[PDB]
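In the form deposited in one PDB entry, a lone chain appears below as structure tokens.
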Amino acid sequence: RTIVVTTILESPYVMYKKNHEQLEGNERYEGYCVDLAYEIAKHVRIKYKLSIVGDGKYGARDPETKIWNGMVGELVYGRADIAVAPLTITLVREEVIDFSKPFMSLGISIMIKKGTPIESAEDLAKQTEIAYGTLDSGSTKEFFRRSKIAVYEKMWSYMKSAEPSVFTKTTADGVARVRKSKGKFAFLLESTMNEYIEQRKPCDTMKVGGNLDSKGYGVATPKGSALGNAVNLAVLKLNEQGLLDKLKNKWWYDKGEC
């Protein structure tokens, strides 16, 4: 009856509220996806428990074991009834889980420390002084691994062969690496996160160049889940009611700091 909603602590989607340690259950969290979950749950008429994905990962199929990790894994292996998170709709994932229509559009973007002489993926690919990386177990890394576009193939080859790893285990780590690397690290991450971070103190990062691709986050459910339909309709309704836009404004721009 209480459905398990897997999600990931990723600002501003799901964040601990400042006074959270005096709260329990869903009350502890706030953010775009918390609001989204609330709104979805309201329309799908379910009780739900927000559960932060144990491994902290979005989800990436180990090529050896074929095991899916992250929230995708939570869904695939029956541990969560629905993932409400900035979980990118991708082909390999759609093969194993269902996604609502996107509740957010985004693209892979480059985050640089302000003043970094990078304006594009091409700029990154044609040089080596500025290291770059992406989130592990995420759609962005897969994008590059799988890309047949020459420049991205080159970036992938660099990243894949980067030592130490230029793959981070959290977005926060990637952002931290950008911020601490005096311009010598650029982070490839989704424009949504990039933009949010760009608006948070210390305001020392920025998104550069256009998006490398265009995709969406969807609310994910186990393949064939009967929840999937209601959730999809809920997402479409929320988008059309302008709630998603309002939420985006509320969580990205309204509190903007830069």
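Under this definition, the rigid core comprises the largest set of C-alpha atoms superposing within 1.5 Å between the forms. Residue indices: 1-based, along the sequence shown.
In what follows, reference is made to the form deposited in another entry, a form of this protein that is not presented.
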query	finding
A162 C-alpha relocation of at least 2 Å between this form and the one not shown, rigid core basis	yes
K101 C-alpha moves between this form and the one not shown by 2 Å or more, core aligned	no
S137 C-alpha moves between this form and the one not shown by 2 Å or more, core aligned	yes
